RNA sequence: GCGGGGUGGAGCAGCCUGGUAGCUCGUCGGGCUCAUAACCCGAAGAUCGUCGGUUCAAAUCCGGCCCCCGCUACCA
RNA sequence: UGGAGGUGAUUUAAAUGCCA
RNA sequence: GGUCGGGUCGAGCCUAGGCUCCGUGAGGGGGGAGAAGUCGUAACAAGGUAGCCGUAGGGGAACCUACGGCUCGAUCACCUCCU
RNA sequence: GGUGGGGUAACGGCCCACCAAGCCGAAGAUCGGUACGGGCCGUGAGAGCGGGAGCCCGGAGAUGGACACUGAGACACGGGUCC
Ligand SMILES: [Mg+2]
Ligand SMILES: [Mg+2]
Ligand SMILES: [Mg+2]
Ligand SMILES: [Mg+2]
Ligand SMILES: [Mg+2]
Ligand SMILES: [Mg+2]
Ligand SMILES: [Mg+2]
Ligand SMILES: [Mg+2]
């Protein structure tokens, strides 16, 4: 419980049933598990990346403050989520921000805390040995850049392209920033195979 | 674009307006496209 | 719990309202242009899964059987 | 003698062509 | 001549420092030339909707619409200006 | 650039201590790129254009880089040291 409590989300939904009156209205539920730290109902927090907005003519996001409306694992009553299991955290936000798995792989930490966001990300990557998950296993090629590859950041994900392809690391340009609580967090690279994006290396994010 | 008006004559080529517009879609690119 | 079509090479039209598989892409061939494609028209073409019932009489109304099987008990 | 300017009008469906 | 001190000019070496001198080298986007491959008809006449320039938006491709300008645009009706 | 000084055969920021803000620059500063210069040769109607190995008067190197001895004469091609 030393680094910043981060819940690396996997699900996010809206409790409000179709036809719910404006009196028992709820925020959204956002659901992960507490690996570093512990989260609590009514706590100040910021979610990342969350919301994207047009600020000065380019593309960028907004880390979003709130507090928790309740915490639960299903159907029992508790109030402060400790480590262990996908915990569900219902918040004070808008629900339309959360439905349809918009922020799949969200991250939650404190609205007074530190997790960075970078359009250009440097990642030390290790090549995979063969085409694992497929019928057919062909050689792993040393490539040049400009190819478009899928980079999944822990529970986050993005596309990426590059201009300097160093031997061991990669300087990838994106369209959406990262959720990187500290060093060498596990973001994985997959290359298209026949519409199936399979592994071509495991990388760790240096910042 | 520092016009050179020998090209509009449309003789053995294509219109000029609709070539300018397409060169923009590549200069805007090699400027944006990892030309950073 | 069920429940649906049970249709030509292909869209299946058409089913209580009952006699002409009903047009449409496609296959043969005939017309127009110089010649092609578009365009025009004859021909092929299944005959309603199938055993039946009801029905003077049928996919037309009702059932045996079976083809394929399409919806059966999620919001922190 | 020939223009030199202006206002209006100005019509279904009609694709393409080896060889010296 | 020698040896100790002090001072003096000075190559090389050596850390670290970006610059320029490169054998290469990893995906690339175009580019020039082959016009019995494939897709369509925008350009030339009033080219079957007139064309062509500046900005903007869209589009499997040549291309299409939106306001402001010129004849390097053809006829009928009608004027008006001069010779 | 100035005052005042040591130094070489000799004047000189050539070097030294003091004193102040001067110097050049789009009539092309600086930095990059190429070349040994001058008598002259090649061509051309002439106006030019292009070349300046071979002969003579200049200027510089002695495997790269540094430094001294001797003599009028230089840091010495067939003399001397160090890297
Ligand atoms: Mg001209
Ligand atoms: Mg024909
Ligand atoms: Mg028409
Ligand atoms: Mg045309
Ligand atoms: Mg036209
Ligand atoms: Mg004008
Ligand atoms: Mg003096
Ligand atoms: Mg120079």
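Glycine gets a Cβ as well: all are built from the backbone with ideal geometry, and neighbour counts include every protein chain shown. Values quoted throughout were computed directly from the atomic coordinates according to the rules given, and no laboratory measurement underlies them.
Need one word for the range A:1-114: rounded, prolate or oblate. Basis is the Cα gyration tensor (sqrt eigenvalues a ≥ b ≥ c); a/c below 1.5 gives rounded, then a/b vs b/c decides.
Oblate shape, in that a/c is at least 1.5 and b/c is the bigger or equal ratio.
By the gyration tensor of its Cα atoms, with a ≥ b ≥ c the square roots of the eigenvalues, what is the shape of chain A: rounded for a/c under 1.5, prolate for a/b over b/c, or oblate?
Prolate is the answer for chain A, as a/c is 1.5 or above and a/b outweighs b/c.
Between residue A:198 and residue A:86, what's the calculated FRET efficiency when r is the beta-carbon distance and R0 is 30 Å? Round to 0.05.
It comes to 0.70.
Based on the alpha-carbon gyration tensor of the range A:97-207 and its eigenvalue square roots a ≥ b ≥ c, which shape applies: rounded if a/c is under 1.5, prolate if not and a/b is larger than b/c, or oblate?
Cα axes put the range A:97-207 in the prolate bin.
I'd like the distance separating the alpha-carbon centroids of the range A:9-64 and the range A:73-90, in whole Å.
So the separation of the two Cα centres works out to 16 Å.
With a 10 Å cut-off between alpha carbons and a GNM built on chain A, which of A:116, A:142, A:177 moves the most?
The residue with the greatest mean-square fluctuation here is A:142.
Suppose the chain between residue A:175 and residue A:140 were pulled fully straight at 0.36 nm per residue; how much longer would it get relative to their current alpha carbon spacing?
Between residue A:175 and residue A:140, full extension yields an extra 9.9 nm.
Tell me, what is the FRET efficiency for residue A:3 and residue B:2 to the nearest 0.05, using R0 = 51 angstrom and their Cβ-Cβ distance as r?
Efficiency computed from Cβ-Cβ geometry: 0.30.
Say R0 is 22 Å: what FRET efficiency, to the nearest 0.05, do residue A:25 and residue A:52 get from their beta-carbon distance?
0.35
If each residue's Cβ is checked for other Cβ atoms within 10 Å, how do A:150, B:1 rank with the fewest at the top?
Listed from fewest to most nearby Cβ atoms, that is B:1, A:150.
Just report the Cα centroid separation between the range A:98-119 and the range A:123-153, whole Å.
Spelled out, the Cα-based centre of one part sits 27 Å from the other.
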